[PDB]
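When a residue number appears, it is its place in the shown sequence, counting from 1. All values below were derived from every heavy atom in this structure, side-chain atoms included, with hydrogens, water molecules and symmetry-related copies excluded. Just follow the structure's listing: the first ligand is 1, and inside any ligand the first atom is 1.
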Amino acid sequence: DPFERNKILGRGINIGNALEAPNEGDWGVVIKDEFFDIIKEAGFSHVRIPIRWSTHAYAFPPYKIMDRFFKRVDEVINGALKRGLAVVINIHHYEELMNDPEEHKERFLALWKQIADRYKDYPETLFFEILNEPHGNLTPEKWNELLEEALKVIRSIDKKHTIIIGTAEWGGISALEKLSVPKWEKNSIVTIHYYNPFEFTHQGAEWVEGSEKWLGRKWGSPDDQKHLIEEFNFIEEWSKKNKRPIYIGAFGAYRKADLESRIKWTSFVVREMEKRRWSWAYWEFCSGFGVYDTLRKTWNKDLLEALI
Ligand SMILES: OC[C@H]1O[C@@H](O[C@H]2[C@H](O)[C@H](O)[C@H](O[C@H]3[C@H](O)[C@H](O)[C@@H](O)O[C@@H]3CO)O[C@@H]2CO)[C@@H](O)[C@@H](O)[C@@H]1O
C-alpha cells in the first residue's frame, strides 16, 4: 500500500552534493558510512540519495552501468538499511534526457531496467524515484508518456517496491495539475519539491542566473505564511482528488539566506507538511543548504529542531 509506504518514509534528509555530481566528492560531499548513524540517531526515518547514473553508464547499447559505480551505490544503500533507515534512490541530473528526450528514451529505460534488476530483491524499505525534476524539452505531456514507460519497465521486473513519481516543469507545483499517473499502477507516491518563494530559498545561489538580486530577502510574515498554506492546500486537494500520497522530496533554503528566516521558513514548512501527513526530505544534510557540520560533527541545533 503506497500510503503505508509514505508513512514508512516519514521524515527524511537528502545526502546531496554527493553521488549526483559528475563524480562523488566533486561537489563537496562523500557519503561516509557513519553519516547513517548520525542521521538515524537524530530521528530521521529515511535518506534520499540523488544519483547521476547517466555519467556512469555507457553511451551505446545496452548502456551498461559501470561496475565500480554500481558497487558503490550498493554500499551506500546497504549502509543506510543497516541502521533501519528507509532509502530513496533516483536518477538525477540526466541533462541530455531533458534536452532531447526522444534520443535518450531507450538509454533512460535501460538504466531503470538495470537498477530494478539490481535491487528487486532488496527490502521494501527501498523506494525507486523515476527522475528528478523533469524539465525543458521533456514537457509535461512527454513526461506523462515517459513515466508510464518507466513504470512498465520497472513493474516488468519488480512489483514489490513503491515507485516515486515527480512533476514536470522542474518538479514543483506548476505542472501538478498536468501530471497523469496510470490507473493500473497502484503502488506509487507523487513527489513535489518545494522551494517557494524561490527568490528567498535561492538567494545568492551561484548556479542560478540573477540570484544575486535576491540577496537579503527575508521570510516570516503572516502574509508569507498564508501564501505558503494556499500552495500546500492546492497540493493536498490534488492528492485527495487523485488518491495519491505526497512526498516533498526536497525543500530547504540556501546558506546565504539569513539564519533566522531559514529557521522560520523551514520550521513552518515542516509543521504544515506534517499537518497534511506528508512524507518529506530536507535538502540537504551537509552542503550549501546543510544542517550538519561534518568537521565539528555537530548539527545546527535550531535547524535540526525545525526538522525533528
Ligand atoms: O557545490 C558546487 C557545485 O554546485 C553545483 O550546483 C548544484 C548545487 O550545489 C546544488 O547541489 C543544487 O541542488 C539542487 C538539486 O540538484 C535539485 O535540483 C533540487 O533539489 O534543488 C537543489 C537546490 O537548488 O544543484 C546544483 C546544480 O544544478 C554546480 O554549480 C557545480 O558546478 C559546482 O561545482
Using a cut-off of 6.0 Å, state whether more than 12 heavy atoms not belonging to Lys297 lie near its atom NZ.
no

For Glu284, state whether at least one heavy atom is located under 4.0 Å from any atom of ligand 1.
no

Distance, nearest 0.5 Å, that separates OG1 of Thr167 from CD1 of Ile173:
9.5 Å

Taking heavy atoms and a distance under 4.0 Å, where does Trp27 meet ligand 1: side chain, backbone, both or neither?
both

Going through the checks in order, is the side-chain contact (heavy atoms from CB on, under 4.5 Å) test met by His227 and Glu231?
CA-CA 7 Å; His227 173 81; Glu231 296 197 327; 3.4 Å; yes

Using the ring of each side chain (for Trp, its six-membered ring), is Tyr282 parallel, tilted or perpendicular to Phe251, with breaks at 30° and 60°?
perpendicular

What do we get for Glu133 next to ligand 1 when only non-hydrogen atoms under 4.0 Å count, side chain, backbone, both or neither?
side chain

Honestly, for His193 the part within reach of ligand 1 (heavy atoms, under 4.0 Å) is neither

Does an N or O anywhere in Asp26 fall below 3.5 Å from an N or O of ligand 1?
no

Taking all non-hydrogen atoms of both residues into account, name the closest pair between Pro182 and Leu151 and its distance.
CD-CD1, 3.7 Å

Would you mind telling me if ligand 1 is within reach of the side chain of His93, the backbone, both or neither, using heavy atoms under 4.0 Å?
side chain

Report yes or no: is the cationic atom of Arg118 (NZ for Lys, CZ for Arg) under 6.0 Å from the centre of the six-membered ring of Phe70, at an angle within 45° of the ring normal?
yes

Checking heavy atoms under 4.0 Å, the part of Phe289 that sits near ligand 1 is side chain

